[PDB]
Amino acid sequence: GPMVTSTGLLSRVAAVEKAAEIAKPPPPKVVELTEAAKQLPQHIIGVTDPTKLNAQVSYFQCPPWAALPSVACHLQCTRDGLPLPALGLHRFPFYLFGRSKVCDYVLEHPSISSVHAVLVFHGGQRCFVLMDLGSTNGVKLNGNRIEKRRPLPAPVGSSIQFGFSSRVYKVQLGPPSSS
């Protein structure tokens, strides 16, 4: 016979000439009694590297009300049409989405930039607050495209999207963990 068997593999797409900007901040400072001593960073942040924690401050800073939830909920993520098990993302104060090595999630897409957007557990409104740094394509909110550089609260029952990625963050309220 013809001996022809398809593999079901998708074709290939051309590449897009892209580049990255490497910043160069000033040197460290001696150890002395300063304001930071009284307003020291979080337990986990106090361990972060000097260039790492500083590279994340050039985009967004962690507020005081950050990492202070008052309701029990969970986050659901989709992958290739596969509904993965949702889990309370409270292991970290926030989560970055981009190509930057500093981001909490490094993906690969022509729409995803070094720093597309980042969400932080808003302890004031009890809901993750995601803000777009001003990407090209545009970030989605609650399943609907919206402006950028603005507070995009994605509470339980809502959804989140960024770039041309397939992964979708669907928030939802869970049962009472504390009896």
# chains A, B, ... in the order shown; residues from 1 in each chain; ligands from 1
call {"tool": "select_by_dssp", "arguments": {"residues": "range 7-179 of chain A", "states": "alpha helix (DSSP H)", "output": "ChimeraX atom specification"}}
result
/A:35-38,50-55
call {"tool": "write_last_selection", "arguments": {"atoms": "N, CA, C and O atoms", "output": "PDB file, in the first residue's frame"}}
result
ATOM      1  N   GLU A  35      15.088  53.563  57.597  1.00  0.00           N
ATOM      2  CA  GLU A  35      13.641  53.394  57.658  1.00  0.00           C
ATOM      3  C   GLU A  35      13.247  51.956  57.341  1.00  0.00           C
ATOM      4  O   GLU A  35      12.360  51.388  57.977  1.00  0.00           O
ATOM      5  N   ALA A  36      13.914  51.372  56.349  1.00  0.00           N
ATOM      6  CA  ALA A  36      13.635  49.998  55.946  1.00  0.00           C
ATOM      7  C   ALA A  36      13.734  49.047  57.133  1.00  0.00           C
ATOM      8  O   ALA A  36      13.099  47.993  57.151  1.00  0.00           O
ATOM      9  N   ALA A  37      14.535  49.426  58.124  1.00  0.00           N
ATOM     10  CA  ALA A  37      14.716  48.606  59.316  1.00  0.00           C
ATOM     11  C   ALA A  37      13.411  48.473  60.094  1.00  0.00           C
ATOM     12  O   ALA A  37      13.137  47.433  60.694  1.00  0.00           O
ATOM     13  N   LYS A  38      12.609  49.533  60.082  1.00  0.00           N
ATOM     14  CA  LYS A  38      11.332  49.535  60.785  1.00  0.00           C
ATOM     15  C   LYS A  38      10.219  48.994  59.894  1.00  0.00           C
ATOM     16  O   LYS A  38       9.271  48.376  60.377  1.00  0.00           O
ATOM     17  N   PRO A  50      18.821  40.650  46.010  1.00  0.00           N
ATOM     18  CA  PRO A  50      18.878  42.111  45.900  1.00  0.00           C
ATOM     19  C   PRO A  50      18.524  42.602  44.500  1.00  0.00           C
ATOM     20  O   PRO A  50      17.895  43.648  44.338  1.00  0.00           O
ATOM     21  N   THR A  51      18.932  41.839  43.491  1.00  0.00           N
ATOM     22  CA  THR A  51      18.659  42.197  42.104  1.00  0.00           C
ATOM     23  C   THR A  51      17.309  41.651  41.651  1.00  0.00           C
ATOM     24  O   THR A  51      16.693  42.178  40.724  1.00  0.00           O
ATOM     25  N   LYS A  52      16.853  40.592  42.311  1.00  0.00           N
ATOM     26  CA  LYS A  52      15.574  39.974  41.979  1.00  0.00           C
ATOM     27  C   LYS A  52      14.414  40.792  42.537  1.00  0.00           C
ATOM     28  O   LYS A  52      13.509  41.188  41.800  1.00  0.00           O
ATOM     29  N   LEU A  53      14.446  41.041  43.841  1.00  0.00           N
ATOM     30  CA  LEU A  53      13.397  41.814  44.499  1.00  0.00           C
ATOM     31  C   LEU A  53      13.353  43.240  43.961  1.00  0.00           C
ATOM     32  O   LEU A  53      12.301  43.877  43.949  1.00  0.00           O
ATOM     33  N   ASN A  54      14.503  43.735  43.514  1.00  0.00           N
ATOM     34  CA  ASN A  54      14.595  45.086  42.974  1.00  0.00           C
ATOM     35  C   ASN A  54      14.072  45.136  41.541  1.00  0.00           C
ATOM     36  O   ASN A  54      13.560  46.161  41.091  1.00  0.00           O
ATOM     37  N   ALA A  55      14.201  44.020  40.830  1.00  0.00           N
ATOM     38  CA  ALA A  55      13.740  43.935  39.451  1.00  0.00           C
ATOM     39  C   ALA A  55      12.218  43.860  39.385  1.00  0.00           C
ATOM     40  O   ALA A  55      11.619  44.128  38.345  1.00  0.00           O
TER      41      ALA A  55
END
call {"tool": "select_by_dssp", "arguments": {"residues": "range 64-163 of chain A", "states": "strand (DSSP E)", "output": "ChimeraX atom specification"}}
result
/A:73-79,82-83,94-98,105-106,117-122,127-132,140-141,144-145,151-153,159-161
call {"tool": "atom_distance", "arguments": {"atom1": "CA of residue 91 in chain A", "atom2": "CA of residue 138 in chain A"}}
result
27.4 Å
call {"tool": "closest_residue", "arguments": {"among": "A:156, A:30, A:96, A:67", "to": "residue 121 in chain A", "atoms": "only C-alpha atoms"}}
result
A:67
call {"tool": "residues_around", "arguments": {"residues": "residue 44 in chain A", "least_positions_apart": "3", "cutoff": "10 Å", "atoms": "only C-alpha atoms", "output": "PyMOL selection string"}}
result
chain A and resi 41+47-48+92-93
call {"tool": "residues_around", "arguments": {"residues": "residue 108 in chain A", "least_positions_apart": "2", "cutoff": "10 Å", "atoms": "only C-alpha atoms", "output": "PyMOL selection string"}}
result
chain A and resi 98-99+106+110-113+165
call {"tool": "residues_around", "arguments": {"residues": "residue 77 in chain A", "least_positions_apart": "3", "cutoff": "10 Å", "atoms": "only C-alpha atoms", "output": "MDAnalysis selection string"}}
result
chainID A and resid 81:87 159:160 166:171
call {"tool": "atom_distance", "arguments": {"atom1": "CA of residue 174 in chain A", "atom2": "CA of residue 72 in chain A"}}
result
5.9 Å
call {"tool": "atom_distance", "arguments": {"atom1": "CA of residue 29 in chain A", "atom2": "CA of residue 46 in chain A"}}
result
15.8 Å
call {"tool": "closest_residue", "arguments": {"among": "A:118, A:21, A:109, A:158", "to": "residue 144 in chain A", "atoms": "only C-alpha atoms"}}
result
A:158
